[PDB]
Amino acid sequence: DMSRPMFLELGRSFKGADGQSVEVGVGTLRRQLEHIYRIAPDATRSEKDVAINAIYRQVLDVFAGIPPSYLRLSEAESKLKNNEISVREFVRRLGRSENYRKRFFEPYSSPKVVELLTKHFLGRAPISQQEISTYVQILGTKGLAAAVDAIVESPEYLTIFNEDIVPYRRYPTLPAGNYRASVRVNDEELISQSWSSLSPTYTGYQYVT
Amino acid sequence: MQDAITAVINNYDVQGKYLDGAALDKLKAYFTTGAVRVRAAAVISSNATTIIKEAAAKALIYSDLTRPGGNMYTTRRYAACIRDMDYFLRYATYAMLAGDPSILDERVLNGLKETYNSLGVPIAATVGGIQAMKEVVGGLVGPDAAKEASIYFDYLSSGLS
Amino acid sequence: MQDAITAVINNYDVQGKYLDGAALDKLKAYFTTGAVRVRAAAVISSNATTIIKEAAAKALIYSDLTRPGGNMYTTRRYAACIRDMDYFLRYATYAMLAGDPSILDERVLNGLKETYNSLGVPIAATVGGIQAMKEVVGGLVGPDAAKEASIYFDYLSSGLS
Amino acid sequence: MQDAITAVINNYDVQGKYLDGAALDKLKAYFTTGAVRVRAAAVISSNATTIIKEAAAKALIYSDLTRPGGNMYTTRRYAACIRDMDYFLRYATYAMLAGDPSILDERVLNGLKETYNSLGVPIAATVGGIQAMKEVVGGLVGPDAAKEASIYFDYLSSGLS
Amino acid sequence: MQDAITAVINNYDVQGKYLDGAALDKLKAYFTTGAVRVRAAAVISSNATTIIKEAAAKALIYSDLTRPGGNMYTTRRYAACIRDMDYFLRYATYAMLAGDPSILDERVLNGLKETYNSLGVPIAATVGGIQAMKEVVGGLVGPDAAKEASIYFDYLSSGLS
Amino acid sequence: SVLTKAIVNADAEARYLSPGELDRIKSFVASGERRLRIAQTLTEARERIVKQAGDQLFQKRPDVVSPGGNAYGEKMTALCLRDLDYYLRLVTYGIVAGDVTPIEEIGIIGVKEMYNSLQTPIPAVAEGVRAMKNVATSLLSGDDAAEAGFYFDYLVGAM
Amino acid sequence: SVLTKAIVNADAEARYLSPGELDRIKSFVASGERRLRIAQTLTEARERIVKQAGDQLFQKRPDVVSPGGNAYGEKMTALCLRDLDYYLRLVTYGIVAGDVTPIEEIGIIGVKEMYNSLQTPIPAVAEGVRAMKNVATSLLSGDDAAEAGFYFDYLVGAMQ
Amino acid sequence: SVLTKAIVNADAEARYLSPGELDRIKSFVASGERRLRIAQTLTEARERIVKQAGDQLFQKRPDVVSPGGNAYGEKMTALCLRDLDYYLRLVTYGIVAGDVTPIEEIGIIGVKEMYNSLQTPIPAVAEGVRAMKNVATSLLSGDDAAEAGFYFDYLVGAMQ
Amino acid sequence: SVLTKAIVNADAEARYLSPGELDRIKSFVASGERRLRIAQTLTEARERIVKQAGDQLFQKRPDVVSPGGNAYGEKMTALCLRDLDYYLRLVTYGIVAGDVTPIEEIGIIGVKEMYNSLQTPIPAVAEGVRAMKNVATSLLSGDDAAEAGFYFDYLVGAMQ
Amino acid sequence: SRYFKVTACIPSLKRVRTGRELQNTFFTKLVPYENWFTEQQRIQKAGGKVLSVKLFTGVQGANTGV
Amino acid sequence: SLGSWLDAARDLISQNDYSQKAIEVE
Ligand SMILES: *[C@H](C)[C@H]1/C(=C/c2[nH]c(/C=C3N=C(/C=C4\NC(=O)C(CC)=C4C)C(C)=C\3CCC(=O)O)c(CCC(=O)O)c2C)NC(=O)[C@@H]1C
Ligand SMILES: *[C@H](C)[C@H]1/C(=C/c2[nH]c(/C=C3N=C(/C=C4\NC(=O)C(CC)=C4C)C(C)=C\3CCC(=O)O)c(CCC(=O)O)c2C)NC(=O)[C@@H]1C
Ligand SMILES: *[C@H](C)[C@H]1/C(=C/c2[nH]c(/C=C3N=C(/C=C4\NC(=O)C(CC)=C4C)C(C)=C\3CCC(=O)O)c(CCC(=O)O)c2C)NC(=O)[C@@H]1C
Ligand SMILES: *[C@H](C)[C@H]1/C(=C/c2[nH]c(/C=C3N=C(/C=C4\NC(=O)C(CC)=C4C)C(C)=C\3CCC(=O)O)c(CCC(=O)O)c2C)NC(=O)[C@@H]1C
Ligand SMILES: *[C@H](C)[C@H]1/C(=C/c2[nH]c(/C=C3N=C(/C=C4\NC(=O)C(CC)=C4C)C(C)=C\3CCC(=O)O)c(CCC(=O)O)c2C)NC(=O)[C@@H]1C
Ligand SMILES: *[C@H](C)[C@H]1/C(=C/c2[nH]c(/C=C3N=C(/C=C4\NC(=O)C(CC)=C4C)C(C)=C\3CCC(=O)O)c(CCC(=O)O)c2C)NC(=O)[C@@H]1C
Ligand SMILES: *[C@H](C)[C@H]1/C(=C/c2[nH]c(/C=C3N=C(/C=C4\NC(=O)C(CC)=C4C)C(C)=C\3CCC(=O)O)c(CCC(=O)O)c2C)NC(=O)[C@@H]1C
Ligand SMILES: *[C@H](C)[C@H]1/C(=C/c2[nH]c(/C=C3N=C(/C=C4\NC(=O)C(CC)=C4C)C(C)=C\3CCC(=O)O)c(CCC(=O)O)c2C)NC(=O)[C@@H]1C
Ligand SMILES: *[C@H](C)[C@H]1/C(=C/c2[nH]c(/C=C3N=C(/C=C4\NC(=O)C(CC)=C4C)C(C)=C\3CCC(=O)O)c(CCC(=O)O)c2C)NC(=O)[C@@H]1C
């Protein structure tokens, strides 16, 4: 538009409404919902306990974000608060724990077990069928614990989190298909099975009368 | 997520428009409501445990659900149910402060229905429990606050159903 | 991924056949082309940043996309677009060396359409940007190289569309 | 970490004493200083890159360190050194707001000497760089602010040495 | 790690010197031996399992070590010992190709002694096993390579002792 | 404090303080003198707050101070009052800090464990804090009272 | 906004909003009316601020408006001014929000990468923002100017 | 192939191919014509190589061709020869590729586990491959034989 | 170097060096004598190369040697030449190593950050290296020049 | 099970990181025995140096209870 | 010692007897 200073005219938007917003593609939320936590020895107990709670909530999928006491592991927590072990070594202990095995290994099938491993430690969906096959062969030939040890030992693990950072949800995008997959595993695949076998719920009795 | 202030800003940013008086009026509206909301949020946080207990008594417990075969039967499932109730209450409080329901759509409502269906959690009863919480909350917060509080509870219920 | 040499080998391995003269001829064909491809790849790598800049100037920038409301509006989205451009360029270079389009299907093309659709990225504009890069690349590499380079760029564009 | 306000509280809590007028006076002293500190912090953040450049020019660069065989030789080492300088500046600013040196001990100072010794980083030169930053900062912040700022820089330097 | 070529480069880089005739002579000395080393490495890799068997037979087994009370008693500890033997062989081969012992310091000798001391692994027997491997290898690789291979095995042994 | 909280978030994100974070510090330091006044009032009236709240508590829960009850006996009754005094001191610390960090570390984390061992009933400690709120609030101006109330409510929530 | 930031911190802690966090929200809502006025002033004077700031920037750095420089030519000079206008708009949004979150998502993330492709020098851009602050400060009341300053400073800090 | 390996390493680093990696590709394309000739020679002589190698292996190890041994009996002996033929085919593929990557997927991964189920002794298999190398080397020119040797050695190393 | 890179990849896989990797080592040692000659030529002509390249760069970009520009003034111009000399020395090291590993550690990692503090413009630096390549190419034989070009190109790519 | 106490110092030689990496750089830690061999290798490949190793728990040369 | 509590607590016990009130639902 003539009579209008050119710098104003170049900024104008012809589309107006019906145009994309800041929360359109990746969006603002998933960033800034990600906190790097590092435990410091000096840190106050209230600071330390927020990070410990974050470990529990990533690795055991504690949506509520505050572990129920039976889920906690206390000796490991004391060694972590003493700075005798690293956050990485605490995460390794959690996976070798029995609560891990009952909630995540025993109900699932091995290919789903692997998906849950990468999600729980690593923050992402499995990258490839070749990645799935290696971990499945570990589970079948050696423990659940040996598979837990492999991911934490993995180079990916060591680049993104090293020893100090608590794992976080990261939606990569570097490999192909991983951004979609990691959205589906972190945002839609809420856990949908019961860990316990006993006292199955009857379908009826939906309404409360 | 988005809040009321950011929602105005975002609408103007897609237009590329600087903020104008009409936009400013919407922002002004939020700022008057704000003080009330803060007070309401503190009330809810302090009485959160009570709110859940009352709501469960009103809808969930003394029912077939608690009796054997019911989803809320077994201590593990009872505890899970009150855990979920607490989540919903906390997020509703966040939404009320924000003045926008977006947060509910993002964290609370995502995949919830499908998960519930696979679990066998009864949606209707859950909705009933949300509505029960709303009534209890309404009393505590007081009438002016209650209207604001109600919309977020209603938003959750509609999403779940 | 798979390259021209491995592609021949794999085809003979499923047959269980030992390598024969006809197979050898295909391998021989790749080996003559190879030297040219290596030179082209080095050119592209050195001029990569410039190639992207020129291609953006030709298609993406000074447009509605950059103007407010457009998907390349905001620094975050602008940066993401030029990042994707760089990926396409890098993978096309890999494909040209390999002499096979398979790697593009495995690493670039798989899931791209669906991802773009969820994001709201406009495919047509992206294709346009790839075509722009091809033209710029064609100039730098020189004619003999350009023909080889073009097929991989075209393969990407067709996949996206 | 600990701040001035919490430091008073902690001292009274170990005694078991309720807060008294003398304690209140120390708290009151911090509250008057506070406004000045906030202004100083904003100045430092805006001029941070400049502060580091000036300080490096004064002490680190045009020296044997930058010349081959020096610790700051190679781009990787140069970049690491200016990264450390930025850390020191940022933490000193945090300490100045807090009004307590504790955070420096907890995060910056702890393990630094041992790490430096294994790396081969020269402590004396580092200290020199911190002292240089202090002088530059002093100018920017202005005199009243400078006195407060100086003590935290001095605390870092003494810890490192 | 560093190899022969990078050892020269690093030595000149700290001085900031362009490569000179003396430097060029050292590099030439490596380049002329290179082909021989490659052949030796292939021999060792193909015969690796045999080399370890022969070396154990000559120096470790049929002894008190393998008998109860000995460190290589139990399948677990026998397996650990021949695992370590395998690495020593592999790393010595890497060193021989590189023409530099640095890799042995960085990735074998460092923290091996401390681990061994805590375990109580008997050093003399280990060194004996390394020396035994050296003797075996010399035969296989032949005149061209034997001298070159030997020095890296000797370097390992002297590091432990 | 407010300061600690702001700094900790910044350090984690490895950044200088945001304009928002700076603003919150400014607001807090302006409020400082008022906060100190609120704390002083409660400190002065400590003995009264504890005692009057104690009396209400014993009326509300006769059982605790009954031969069957845990709190029964003078020594036990003193301890229950001592506890109330401790909690009141904590509240004052919170007010001056402008946040709960001090309160939380000293009095709420691990609290469930300690009282459960003692067998003192927590579903009643909260009531004692509520009681204390009512007394304390009556010695404060309306604006001051509201500020003080938040901290009391936090305690009740945390138990 | 202040609200968004507070909620996000609470979510991470998995807690209801703290008394201190609630107090911060209260302060923001009180300040809001003043903030709106400050933003309105800048909006009205926008055309002048951009123009004056541009001139100062070009005086500070002849090079950008020179054959070598990126800004050289009418179209390019306009674009450089357009960018300054964009940053001013963002600052106004920031002032009303009480936080830089709006500013940061639209303008400071990926900014280095965008400018590097364009080949625009980042330090010059920062100078233009500094220039804009000086013009804006003169129009604003002293108290208002201080508030506005923080947001301007953040931009300068983010891209330098 | 050489190409595949180079691309894969670059992709992991997320970088364009290094000058050194490009040089290696150039060298490989020059070598390729010679490599094709070497492969052809081995293919032509394959039937002879397998037979001669078989004989040597059985002479080297009586046990395999003994009632206890796995190779014992006509069917079993045929299978052992078939295996030798398979490994020779793989070697030829490797020579043209310039890398064992193709060989490795088809022949070296899971080989221990496969043979262990069959109960065939792995060291004997390795001996058969060594035998094949000796025959093959004699047919090949000295320079050609060295190239071929490496690929044969890799197999022997993998089955160990 | 070529050697270092091969060993490092093997060590990561915890395997002995592949036949392909061994072949690449063999090729490199054959190439080495030629490489040494190329490096010597550049070393002898170094003073001239740096000087001529500086000339061209300043001609191509007046701005850097202008009051606004970083290079302006004698001392500054000397430092800019010193930088060019550093990069030339690195390139020579690269040619003998057969890889950019030496170059990369000393010169390409953290380079953006270093130059940003100095405020030196990175694209100009890249131009200087391009200039150096053109001078170097003229002195070198055509085949030699191509080899040298790759290393120069890598630098230009990295400083971008 | 046996456990090792290990001190190590690790440099970042491939990249320059802005976030505070001191905890990663100097890390005394307790490692299960079965993990240590992998963890030693990892430190060596990074070009870290292993300053100290002590066996915290477990007895040297024990045939059982290991 | 909690001396102030010790005297105040007995003063409270003497002034009023809790052993009759009985809990009130309220
Ligand atoms: C540029 C020509 C066009 C454009 C691009 C654009 N892309 C995104 C976001 C994403 N881009 C990808 C795509 C890929 N990931 C891969 O692995 C591959 C194959 C190698 C590709 C090509 C992904 C997954 C994302 C999302 C995650 C991320 O940001 O990393 C955006 C931005 C969306 C956002 O909200 O940031 C844009 C703008 N869009 C245009 O306007 C151009 C036409
Ligand atoms: C109680 C009788 C005495 C007491 C105890 C006390 N301990 C700590 C802190 C720690 N306690 C331990 C000890 C262990 N952790 C373990 O895993 C085991 C072996 C199974 C033991 C026995 C540890 C490691 C800590 C430090 C870190 C942590 O909290 O886990 C304290 C707390 C000190 C603090 O402020 O953190 C106390 C009070 N002290 C007494 O007063 C009693 C005499
Ligand atoms: C008796 C020893 C104590 C006591 C009991 C009590 N319980 C309730 C109410 C409920 N108790 C349960 C418990 C269970 N549900 C389960 O699935 C299991 C495990 C198999 C248990 C044990 C439930 C579900 C309820 C809620 C009501 C319902 O059944 O739907 C009450 C009533 C409290 C109320 O207000 O409803 C009481 C009194 N109370 C005591 O004080 C005794 C020491
Ligand atoms: C209470 C009113 C009703 C009820 C609840 C209930 N929920 C579960 C199990 C799950 N609850 C969830 C829900 C969420 N996970 C999330 O990530 C989110 C959103 C972010 C929510 C709100 C999930 C995923 C589970 C599964 C695993 C888990 O417990 O963490 C149960 C237990 C089901 C079981 O068989 O274990 C119950 C009982 N059910 C009722 O009957 C009430 C009407
Ligand atoms: C010339 C092409 C451009 C230019 C160069 C320039 N550099 C400086 C100052 C320094 N340059 C370096 C660089 C290096 N140190 C290293 O370790 C390496 C890798 C081997 C390099 C490349 C250093 C460290 C300095 C700082 C001073 C010092 O060395 O002690 C200047 C001086 C400017 C100043 O000091 O502010 C200049 C001019 N500048 C241009 O504009 C040309 C395009
Ligand atoms: C600059 C004034 C001097 C200089 C610095 C220098 N530092 C390193 C390497 C490291 N520096 C640190 C220091 C810190 N990391 C932290 O987390 C903190 C506290 C917040 C500090 C202060 C660390 C841990 C490293 C190692 C890894 C890293 O990059 O962080 C180097 C590089 C040495 C090397 O070879 O790795 C240098 C050069 N050296 C000088 O010469 C200047 C005087
Ligand atoms: C007999 C069933 C088979 C057989 C045995 C055989 N063993 C050896 C040599 C050794 N055997 C062992 C075994 C052990 N040491 C231990 O610590 C344990 C666990 C408690 C065992 C079982 C050892 C260590 C040796 C090494 C030599 C030594 O005794 O120190 C041989 C000779 C090995 C050689 O290569 O000469 C033999 C023959 N072999 C068969 O064929 C039978 C089926
Ligand atoms: C064999 C020649 C002698 C022998 C070996 C032996 N070693 C161990 C245990 C370990 N060996 C290592 C060593 C390494 N760490 C490294 O990083 C490297 C370089 C690649 C090496 C070689 C380690 C870490 C361990 C402990 C963990 C593990 O078992 O993997 C043992 C076992 C000791 C025990 O008591 O368990 C043995 C027996 N000892 C002998 O008797 C031979 C003389
Ligand atoms: C002026 C201070 C400096 C300057 C600017 C300049 N910019 C361009 C081109 C573009 N600038 C942008 C910037 C933005 N898009 C966004 O989303 C935001 C945040 C809201 C910004 C600030 C964009 C997208 C472009 C690309 C072209 C387009 O808009 O479509 C140019 C011209 C392009 C060129 O390189 O020729 C210039 C000159 N240049 C300077 O050097 C000044 C210091």
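Quick note: the coordinates plus some simple rules give every number you see, no bench work behind them. Reconstructed Cβ throughout: ideal geometry from the backbone, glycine too, with neighbour counts over all protein chains shown.
Helix hunt in chain E: which complete DSSP H runs extend at least 24 Å axially by C-alpha with mean Kyte-Doolittle at least 0.0? Helices meeting the criterion: E:21-46, E:123-141. For B:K17, the amide hydrogen comes within under 5 Å of no other amide hydrogen, counting only partners 5 or more places away or on other chains and with H modelled in the peptide plane.
Using a 7 Å projection from Cα along Cα-to-Cβ, the label point at D:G142 is separated from the same position in the remaining copies by 4.3, 6.6, 8.4 nm, smallest value first.
Normalising the average separation of contacting C-alpha pairs (under 8 angstrom, six or more residues apart) by the number of residues puts the relative contact order of chain D at 29 percent. Starting from the Cα of E:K53, step 7 Å toward the Cβ, then list every residue of the stretch H:47-85 with an amide N under 19 Å from that point. Only H:56-66, H:69-71 fall inside the zone, counting backbone N under 19 Å. Extension gain, G:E33 to G:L118, is 26.7 nm, computed as 0.36 nm per intervening residue step minus the present C-alpha separation.
Our coupling estimate for the stretch H:67-76, obtained by passing each phi through the Karplus curve with A = 6.51, B = -1.76, C = 1.60 and θ = phi - 60°, is x, x, x, 6, 6, 4, x, 5, 3, 4 Hz, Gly and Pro reported as x. Per the rotation superposing chains B and D, the chain B residue found at the smallest beta carbon distance from the axis is B:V38, 12, distance in Å.
Annotation for A:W195 and H:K51: the two label points, set 7 Å from Cα along the Cα-Cβ direction, are 6.8 nm apart. A simple count of charges around G:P67, restricted to other residues whose Cβ falls under 12 Å of its Cβ and scoring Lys, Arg +1 and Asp, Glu -1, yields -1. Sorted from nearest, the other copies put their E:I123 label points 3.1, 6.9, 7.3 nm away, the label point being 7 Å from Cα in the direction of Cβ. Only the Cβ atoms of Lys and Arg (+1) and of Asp and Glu (-1) were treated as charged; on that basis the dipole of the protein assembly as shown about its Cα centre amounts to roughly 980 debye. Each residue, A:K112 and I:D143, gets one label point 7 Å from its Cα in the Cβ direction; the gap between the two is 6.5 nm. Residue by residue, the stretch I:89-106 carries 3J(HN,Hα) couplings of 4, 4, 4, 5, 4, x, 5, 6, 6, x, 8, 8, 3, x, 4, 5, 4, 7 Hz when phi is fed to the Karplus relation 6.51 cos²θ - 1.76 cosθ + 1.60 (θ = phi - 60°); x denotes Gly or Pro. Each other copy places its own label point for C:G21 at 5.8, 9.2, 11.4 nm from this one, sorted shortest first, where the point lies 7 Å along the Cα-to-beta carbon line. Assuming charge only on the beta carbon of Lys and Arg (+1) and of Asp and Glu (-1), the dipole of chain E about its Cα centre is about 460 debye to the nearest 20.
On the beta carbon distance between C:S118 and B:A29, with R0 = 51 Å, the FRET formula returns roughly 0.90. Please give the net charge around I:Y16, taking every other residue with its beta carbon less than 12 angstrom from that of I:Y16, where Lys and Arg add +1 and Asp and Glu add -1. Value of the local net charge: -3. The spacing between the stretch I:94-160 and the stretch A:178-209, judged by their C-alpha centroids, is 57 Å. Which residue, G:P123, G:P19, G:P62, tops the fluctuation ranking in a GNM of chain G built on C-alpha contacts under 10 Å? Between G:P123, G:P19, G:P62, it is G:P19 that shows the largest mean-square fluctuation. Judged by the gyration tensor of its Cα atoms, with axes a ≥ b ≥ c, the stretch C:53-92 is oblate; a/c meets the 1.5 cut and b/c is at least as large as a/b. What does the charge count near D:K26 come to, summing +1 for each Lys or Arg and -1 for each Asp or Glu among other residues with Cβ under 15 Å from its Cβ? Spelling it out: positives minus negatives among the neighbours equals -3. In this structure, the amide hydrogen of J:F56, modeled 1.01 Å from its nitrogen in the peptide plane, lies closer than 5 angstrom to those of J:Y3, J:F4, J:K5, counting only residues at least 5 positions away or on a different chain. Helix I:142-158 axis versus longest C-alpha principal axis of chain I: approximately 70°, rounded to the nearest ten. Counting only DSSP H runs of at least 4 residues, each contributing -39500 (n - 2.57), and dividing by the residue count of the protein assembly as shown, the helix-based mean residue ellipticity at 222 nm comes to -22000 deg cm²/dmol. For chain I, the Cβ-based charge dipole about the Cα centre amounts to some 260 debye (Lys, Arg positive; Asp, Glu negative; other atoms uncharged). Go through D:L27, D:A40, D:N10 and say which Cα lies farthest out towards the positive end of the charge dipole of the stretch D:1-90; charges sit on Cβ, +1 for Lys and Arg, -1 for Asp and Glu. It is D:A40, whose Cα lies furthest towards the positive end. Karplus-derived 3J(HN,Hα) values for the stretch G:108-115, using 6.51 cos²θ - 1.76 cosθ + 1.60 with θ = phi - 60°, are 9, 9, x, 5, 4, 5, 5, 5 Hz; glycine and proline are entered as x.
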